[PDB]
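Remarks on the structure that follows.
Laboratory data are not the source of any read-out in this text; all were calculated from the coordinates shown. Here the Cβ positions follow ideal geometry from the backbone for every residue, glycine too, while neighbour counts run over all protein chains shown.
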């Protein structure tokens, strides 16, 4: 209700991947009730990035999810006070990332204070060799664990040359105040880089997300 | 084509869980094109089972999946020759199961030769203390690796008291002949014990499964 | 003690790997207090095995461990009644094996009833392509968890052509009767195939194992 | 050779655990050829830390390892140019840390630029409730992986109540210049908090580490 049909987004990511430091800023907008957002992202420090940009994109806000009425919306309920999230990204070849986002709201704009760290990517792996094409669509499994909303995802990057590179996500979402906790449910996702320049200094990103209860009997 | 709108199922599972031996036999029926099936299961050896019956139920055939026309159906294409599958179940508390099913077709009936082995369940955990209620519905991520089909699933058992117990599935599906391989896709599942006696010596089991391509950009 | 300086071993393993059924029988001897044992293994069903024999060898008894007096010996204390163990083997490429051994003692001979099952080995990986040379030596981390003794190991197979192939072991060891529980400790291992014929239908296997408390 | 019998250590860690930001500074000394070191650590920002100090201590340099003549010493050979390492810590309850250290040498002093980040610790788990007593001793398995020297460790925190809380370490070690790589080998460790104040704002830390070849063949 402080959550309007149209909202703005501003973000700052600082991070390190296999020792390479960088800073990326973003500005965009979205439709919280349609579960859509688009952002323009600019590398401010650390160009040219030496790793696959796709590892960053799901870190660049579950407010942008179409929740049906019968599933409590943890994220929209969190505002105006907001929420933070932490995530582990466990890639099948030993690469591990940690990420976090503290999300605040000022007027019609979400502010996103992000940290991203990646370690142990193999040097001839698809991330350091920039072999990724896109994330496949996914279904996130949302459940409450010790009062903490948790999402687990089987994620996969499609590779140049045709196979997949798997990553397991675990995100913990924490509202700053008391909200109605949902029961077990799902969030479907599609995320796409709509356009980019050669070194990904400039990227236009899109996400669509929809919450649901899964297949009925 | 040898796959009809209505088909029968016969099954035999032999296995162990934390060293406890058992044999379970099943007979049922299903609708391959509607992605539904029902089975009656009877414990033949090992009763009363000293572990949560729910760990077995997803081992009790992706033929019973509604596949849309634009996704190649790995499972239906494999018949009459058939297919086998192997699975690991990695529970969050260190319990690990291995399972396999070799699936043959005689006339209108699928035959299922199953092995199941579970190790390292904590003695006070929800499996050995029978504290599970059901599997939540799930979405399996299907993709080709090394010329065969892999499915990964984030599975969760609902527990007595309201929490969840997580398990990660990885299944390899292997056709006994060459089929049109599908691109990355999804299978949604719902599996339910419709009825059971107190010790789960007799169980009526139901599954619904539908394949799809996930959320579009639109 | 019923545990003598020299003891005999008989074993039967039944299992499946990638759907391939097999049975292997063994007979051997060892020195429980020296932490050594040797076994002759014969494939009885399922020859020739289509997978790396090395995945089986650590399934073919922690009785054969030199324990220093300051660490309770869970395994020797388990006899005469015996113990069982269960194991998961999580290979880095998704291959998973479950294994169990029910160990009894009749006179001077351990009997070993073994089940082994392996799934999800990639068809061109080192197990299905028989590209393994040996297990590296290891250190197992032993700790009591649910009143039950647990061992975790970072294992590695040396490969033909030079690399390693990693496997994580978790074993639970369960005495039939109450035994003194040890504090956290370590068991060092070395396992070797001493000799084998072309398709590993006949294998002579050796293990040395020594318990310790780690670096002071 | 630029590596002397007595060396000094200076470090700065910046990090976040559970969203809580902190900075810790360290000064110490050690005996690289004996595999020992001691450090004084002071929280500069973020006092009091709301999590178990023990999760930090192994991030506060394998130069401080007694290497026998028959195993190439990747770490001492990497100087004067130096080396970096990266680590993942996978705890058994889903807590995950990433850490890195860029190690330089100026005169007789190693300088350590450290980042540490921890996520998904359960609020009532032993790290957020500060229920850890110490790390157990450990044996690290060291091996080359596609040219990267890698260490894997089964680590365990002893807990209030007498159980253990397991963590799996994977560390990648990268020399700034080409160095002779070792064969598969082991490093034994013991790490101890010698003393601390009530909120661990001030900590004295000790490590002992010794490389070896494991049990001989034959």
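Before moving on, here are some points about what is shown:
- Region D:175-218: number of residues that are within 19 Å of the chain's Cα centre (by Cα) and within 13 Å of chain C (Cβ to nearest Cβ): 15
- For region C:160-178, taking the residues that are within 14 Å of chain D (Cβ to nearest Cβ) and surrounded by 19 or more Cβ atoms within 10 Å (Cβ to Cβ), the one that is farthest from residue C:126 (Cα to Cα) is identified as C:172.
- In region B:73-86, the residues that are touching a strand residue (DSSP E or B) at 6+ places or on another chain (Cβ under 6 Å), surrounded by fewer than 20 Cβ atoms within 10 Å (Cβ to Cβ) and away from chain C (no Cβ under 14 Å): B:80
- Test for residue C:191: is it part of a strand (DSSP E or B), within 18 Å of the chain's Cα centre (by Cα) and farther than 24 Å from residue D:218 by Cα: no
- Residue B:116 meets each of the listed conditions (1) assigned to a loop (DSSP other than H, G, I, E, B); (2) under 17 Å from residue B:50 (Cβ atoms) apart from (1).
- Residue among C:30, C:26, C:46 that alone is surrounded by fewer than 20 Cβ atoms within 10 Å (Cβ to Cβ) and within 17 Å of residue C:194 (Cβ to Cβ): C:26
- Filter pass, residue B:150 being within 14 Å of chain A (Cβ to nearest Cβ) and either farther than 30 Å from residue C:145 by Cβ or in a loop (DSSP other than H, G, I, E, B) (or both): yes
- Of the set (1) at the interface with chain D (Cβ under 10 Å from one of its Cβ atoms); (2) under 26 Å from residue C:23 (Cβ atoms); (3) surrounded by fewer than 21 Cβ atoms within 10 Å (Cβ to Cβ), all apply to residue C:210 but (2).
- Answer residue from region D:23-47, given it is touching a helix residue (DSSP H, G or I) at 6+ places or on another chain (Cβ under 9 Å) and in a loop (DSSP other than H, G, I, E, B) and is surrounded by the fewest Cβ atoms within 10 Å (Cβ to Cβ) among those: D:33
- Restricting attention to region A:113-144, the residues that are within 14 Å of chain B (Cβ to nearest Cβ) and closer than 21 Å to residue A:82 by Cβ total 3.
- Out of A:181, A:194, A:157, sole residue that is surrounded by 15 or more Cβ atoms within 10 Å (Cβ to Cβ) and on the phi < 0 side of the Ramachandran plot: A:157
- Some residue of region B:120-135 being facing chain A (nearest Cβ under 9 Å), out of contact with any helix residue (DSSP H, G or I) (no Cβ under 6 Å at 6 or more places or on another chain) and under 18 Å from residue A:141 (Cβ atoms): no
Results for (1) surrounded by fewer than 20 Cβ atoms within 10 Å (Cβ to Cβ); (2) within 9 Å of another protein chain (Cβ to nearest Cβ); (3) in a loop (DSSP other than H, G, I, E, B); (4) over 14 Å from the mean Cα position of the chain (by Cα), shown as yes or no for each residue.
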position: B:64; (1), (2), (3), (4): no, no, yes, no
position: B:71; (1), (2), (3), (4): yes, no, yes, yes
position: B:88; (1), (2), (3), (4): no, yes, no, no
position: B:94; (1), (2), (3), (4): yes, yes, yes, yes
position: B:102; (1), (2), (3), (4): yes, yes, no, no
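- Of residues in region A:86-112 being touching a strand residue (DSSP E or B) at 6+ places or on another chain (Cβ under 7 Å), in a loop (DSSP other than H, G, I, E, B) and within 13 Å of chain D (Cβ to nearest Cβ), the one surrounded by the fewest Cβ atoms within 10 Å (Cβ to Cβ): A:94
- Residue within region A:178-185 that is over 15 Å from residue A:28 (Cα atoms), in contact with a strand residue (DSSP E or B) (Cβ under 9 Å, 6 or more places away or on another chain) and part of a strand (DSSP E or B) present: yes
- The residues of region A:148-177 that are assigned to a loop (DSSP other than H, G, I, E, B) and within 22 Å of residue D:123 (Cβ to Cβ), listed by number, are A:176, A:177.
- Annotation: residue D:162 fulfils all but one of (1) assigned to a strand (DSSP E or B); (2) within 11 Å of chain C (Cβ to nearest Cβ); (3) over 26 Å from residue A:124 (Cα atoms); the unmet one is (1).
- Every residue from region D:1-22 that is loosely packed, with under 15 Cβ neighbours inside 10 Å and closer than 15 Å to residue D:116 by Cα: D:12, D:20, D:21
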